[PDB]
Trainee: 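Pasting in a structure now, in structure tokens, and then I'll have a few things to ask.
Every chain is numbered from 1 and lettered A, B, ... according to where its sequence line falls, protein lines coming before strand lines. Both counts, for ligands and for their atoms, begin at 1 and track the order of listing. Side-chain atoms are counted along with the backbone in the values below, which use heavy atoms only and exclude waters and symmetry mates.
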Number of protein chains: 2
Amino acid sequence: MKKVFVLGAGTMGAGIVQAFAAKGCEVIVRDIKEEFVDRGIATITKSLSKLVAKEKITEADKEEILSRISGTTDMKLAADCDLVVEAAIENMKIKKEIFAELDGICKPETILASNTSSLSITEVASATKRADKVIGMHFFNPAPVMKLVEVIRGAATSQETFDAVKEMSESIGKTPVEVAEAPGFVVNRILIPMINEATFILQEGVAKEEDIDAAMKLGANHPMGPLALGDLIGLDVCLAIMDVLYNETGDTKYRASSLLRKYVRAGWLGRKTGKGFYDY
Amino acid sequence: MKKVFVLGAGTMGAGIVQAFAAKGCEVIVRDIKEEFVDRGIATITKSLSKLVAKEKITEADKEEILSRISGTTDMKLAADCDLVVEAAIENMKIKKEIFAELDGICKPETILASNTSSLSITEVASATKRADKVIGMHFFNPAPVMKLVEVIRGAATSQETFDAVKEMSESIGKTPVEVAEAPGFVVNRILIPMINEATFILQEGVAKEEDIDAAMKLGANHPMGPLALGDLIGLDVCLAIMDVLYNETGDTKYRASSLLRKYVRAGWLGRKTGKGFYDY
Ligand SMILES: CC(=O)CC(=O)SCCNC(=O)CCNC(=O)[C@H](O)C(C)(C)COP(=O)(O)OP(=O)(O)OC[C@H]1O[C@@H](n2cnc3c(N)ncnc32)[C@H](O)[C@@H]1OP(=O)(O)O
């Protein structure tokens, strides 16, 4: 499967683009205006530049990768792609609209995949007449590094789709895991509450920020502390996910801390805004 | 502080002993039977042997460490020690008995400390005439290698007592973290519920074991998958820790999954029994 369409050119969409193009695939990134399309590819390039500098690739490796890539704002550009990964915007109404368009545009065998963290593959599937070829294919930031992809079956998802996406994953050297659609899949369901837990510990006067992070690095060999990890992932992302977990399950187990919610309202979202649980 | 009594010669005690004695302290380890102590000192010797074979220390170093360790059956030898670390069983009635007894035996300045994972420092402190000198000082397995000690402050724990323990941990190469007593402190309050989540995920047929573990190792960069980590910590321990959290807080958020409760009744406790989530 040579040809892969990716909707969305932000941190995640672009990373995913780099991931496919770097293992042979041709990729078209699509967004709402050229400003964004361009900015992302820009960032891909910067990414490969840093890889050449670190002797992880050759200038030609790179120069080639970039040629397998092109931008656009027309969905219509997806008519010959074999895979679609939507990594646009975590809103159900729009995703339904988007998948209904691609149902129309794309060659009937084209599998349609979502990079959603929270929303229902099934419900998106339902907006098309190919529910059986609608799947979630969920990468992790930074997408060219992290080897995992959750392959999430919605209720109608076929075996054959599942297998194709599994093989496609193996072929860009990711490791796929089967998930039956359910709130937060596997990673987010564990990882974010962990971070939310910490915010409660913080809020409850139990321990200061640096002690909490140190406690998990050095007490549990974690690669980083949940607070810094959150500043990395983005507290808004984190709050959103806790909210979906809460809303999807009706289980108060997943309630966000008032603290987390206050930081996100402050706009202290972490790294990307120079400030969250820590300062930068 | 040059002199530490370690109540308990199990895995945890023997490690705590090695941890103080390898960095200058005189240490006495005590247990209720001479076979128990000999084992512990054997554990310590084999370990020190490894570090020699690994050129991490010299043979001379080894002998020096050992010469700073004596074993005993006699609670009274603690009389003259600067610090007690209780690393015996995880039961409140008895911890109070032990702490009451050490109150009687020890010189007024002796600081009395508990390696507990979940239990109330305040409560244990309340069975003594020394509450200000009572604190938690929580190592992590294996004690000689892991650098965190959660230093758990009970309700009445003086600043003076805190600082000295703080100071004492740095002086043997650990990073101490200050913890105002609350259920599960920091590490377990976070880590154990993550394992419990794994179990719910598994219980709910969202994914299967190898997949849950792989997901966390490859999507989250954890050094081990939560289910295996359960098997190694011991499911009975994990379940207990979850019930403390639940009973302490009255918060449905820490309810343990039926599944975990079931496995424990099966005696499938993990490694130590040959079988937990995985087989061995
Ligand atoms: C949308 C959703 O579903 C929500 C989510 O995404 S949740 C998932 C988000 N992420 C996670 O869950 C896990 C978070 N990640 C981690 O914890 C990781 O372990 C980690 C980020 C700490 C990895 O850090 P690390 O191992 O020190 O990275 P590093 O050694 O630099 O290697 C990674 C690559 O990034 C690149 N890189 C390094 N520095 C960089 C920089 N300044 N700028 C850009 N790229 C850089 C390099 O290509 C590097 O490769 P080499 O080291 O081989 O040259």
Trainee: Apply side chain to side chain donor-acceptor pair (under 3.5 Å) to residues A:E181 and A:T122 and explain how you reach the verdict.
Mentor: CA-CA 8 Å; A:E181 181 181 333; A:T122 309; 2.4 Å; yes

Trainee: Does one side chain, of B:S257 or B:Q203, offer a donor that lies under 3.5 Å from an acceptor on the other?
Mentor: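 Checked: B:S257/B:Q203 side chains show no N/O donor-acceptor pair below 3.5 Å.
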
Trainee: Between B:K174 (side chain only) and B:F139 (backbone N and O only), is there a donor and an acceptor less than 3.5 Å apart?
Mentor: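 The answer is no, because no donor-acceptor pair under 3.5 Å joins these two groups.
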
Trainee: Which atoms from ligand 1 have a heavy atom of A:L191 less than 4.0 Å away?
Mentor: 12 (O)

Trainee: Starting from atom 1 (C) of ligand 1, what is the nearest protein heavy atom, named by residue and atom, and what distance separates them?
Mentor: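 It is A:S117 OG, 3.0 Å.
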
Trainee: Indicate the ring-plane relationship of B:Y278 and B:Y280, choosing parallel, tilted or perpendicular according to the 30° and 60° boundaries.
Mentor: perpendicular

Trainee: Can you check whether A:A256's main-chain N or O pairs, donor with acceptor, with A:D243's side chain at less than 3.5 Å?
Mentor: no

Trainee: Does a salt bridge link A:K96 with A:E123, judged by any charged N lying under 4.0 Å from a carboxylate O?
Mentor: no

Trainee: Nearest 0.5 Å, please: how far is CD1 in A:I135 from NZ in A:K166?
Mentor: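 These two atoms lie 12.0 Å from each other.
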
Trainee: Scan the protein's non-hydrogen atoms and note whether one is under 4.0 Å from atom 50 (O) of ligand 1.
Mentor: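 Answer no: nothing from the protein, no heavy atom, is under 4.0 Å.
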
Trainee: Nearest to atom 46 (C) of ligand 1, what protein heavy atom do you find, and at what distance?
Mentor: A:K50 NZ, 4.3 Å

Trainee: Considering only protein heavy atoms, determine whether one is less than 4.0 Å from atom 11 (C) of ligand 1.
Mentor: yes

Trainee: How far is atom 34 (C) of ligand 1 from its nearest protein heavy atom, and which residue and atom name does that atom have?
Mentor: A:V145 CG2, 3.9 Å

Trainee: Do A:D211 side-chain atoms and B:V177 backbone N/O form a donor-acceptor pair below 3.5 Å?
Mentor: no

Trainee: Please indicate, with yes or no, if any protein heavy atom is found under 4.0 Å from atom 3 (O) of ligand 1?
Mentor: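 Within 4.0 Å of atom 3 (O) of ligand 1, protein heavy atoms are found.
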
Trainee: Do me a favour and list the nearest non-hydrogen protein atom to atom 37 (N) of ligand 1 with residue, atom name and distance?
Mentor: A:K54 NZ, 4.3 Å

Trainee: Which atoms of ligand 1 are found less than 4.0 Å from any heavy atom of B:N221?
Mentor: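 By the 4.0 Å cutoff, the relevant atoms are 19 (O).
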
Trainee: Within the supplied structure, the quantity of interest is the number of heavy atoms (other residues, nucleotides, ligands) at a distance under 6.0 Å from A:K23 NZ; does it exceed 12?
Mentor: no

Trainee: Taking only heavy atoms of A:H138, which atoms of ligand 1 are found under 4.0 Å from at least one of them?
Mentor: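 The list of qualifying atoms is 2 (C), 3 (O).
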
Trainee: Yes or no: does A:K46 have any heavy atom under 4.0 Å from an atom of ligand 1?
Mentor: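 No.
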
Trainee: Would you confirm whether any non-hydrogen atom of the protein falls under 4.0 Å from atom 26 (O) of ligand 1?
Mentor: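 It does not; no protein heavy atom is within 4.0 Å.
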
Trainee: Which option wins on minimum heavy-atom distance to atom 6 (O) of ligand 1: A:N115, A:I192, A:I57, A:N141?
Mentor: A:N141

Trainee: One residue to check: A:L229. Relative to ligand 1, which of side chain, backbone, both or neither has a non-hydrogen atom less than 4.0 Å away?
Mentor: side chain

Trainee: Could you tell me whether some N/O pair between B:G219 and ligand 1 is separated by less than 3.5 angstrom?
Mentor: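 Yes, since at least one N or O of B:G219 sits under 3.5 Å from an N or O of ligand 1.
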
Trainee: Have a look at A:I65 and tell me which of A:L48, A:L51, A:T45 forms a side chain to side chain contact (heavy atoms under 4.5 Å, CB included) with it.
Mentor: A:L48

Trainee: When you measure from atom 39 (N) of ligand 1 to the protein, is at least one non-hydrogen atom found at a distance under 4.0 Å?
Mentor: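 Yes, at least one protein heavy atom sits under 4.0 Å from atom 39 (N) of ligand 1.
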
Trainee: Counting only heavy atoms, tell me which of B:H222, A:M224, A:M12, A:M146 gets closest to atom 22 (C) of ligand 1.
Mentor: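 When every heavy atom of B:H222, A:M224, A:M12, A:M146 is considered, A:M224 comes closest to atom 22 (C) of ligand 1.
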
Trainee: Would you call A:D80-A:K107 a salt bridge at under 4.0 Å N-O?
Mentor: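 A:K107 and A:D80: salt-bridged.
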
Trainee: Would A:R189 and A:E248 pass as an ion pair if we require N to O under 4.0 Å?
Mentor: no

Trainee: Heavy-atom contact under 4.0 Å between A:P142 and ligand 1?
Mentor: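 Outside the 4.0 Å threshold, so no.
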
Trainee: Distance below 4.0 Å between atom 14 (C) of ligand 1 and any protein heavy atom?
Mentor: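 Yes, there is a protein heavy atom closer to it than 4.0 Å.
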
Trainee: Are any of the side-chain nitrogens in A:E64 or A:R68 under 4.0 Å away from the carboxylate oxygens of its partner?
Mentor: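 Salt bridge flag = yes for A:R68 with A:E64.
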
Trainee: As an exercise, state the distance from CG of A:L102 to OG1 of A:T110, rounded to the nearest 0.5 Å.
Mentor: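 Interatomic distance, A:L102 CG to A:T110 OG1, rounded to 0.5 Å: 9.0 Å.
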
Trainee: Check each of A:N188, A:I241, A:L232 against atom 7 (S) of ligand 1 and report the one with the nearest heavy atom.
Mentor: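 Minimum heavy-atom distance to atom 7 (S) of ligand 1 goes to A:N188.
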
Trainee: Protein heavy atom under 4.0 angstrom of atom 30 (O) of ligand 1, is there one?
Mentor: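 Neighbour list for atom 30 (O) of ligand 1 is empty of protein heavy atoms (cut-off 4.0 Å).
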
Trainee: Pick one of side chain, backbone, both or neither for how A:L51 approaches ligand 1, counting any non-hydrogen atom pair under 4.0 Å.
Mentor: side chain

Trainee: Can you tell me the protein heavy atom closest to atom 53 (O) of ligand 1 and the distance?
Mentor: A:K56 NZ, 3.2 Å

Trainee: What atoms of ligand 1 come closer than 4.0 angstrom to any heavy atom of A:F140?
Mentor: 8 (C)

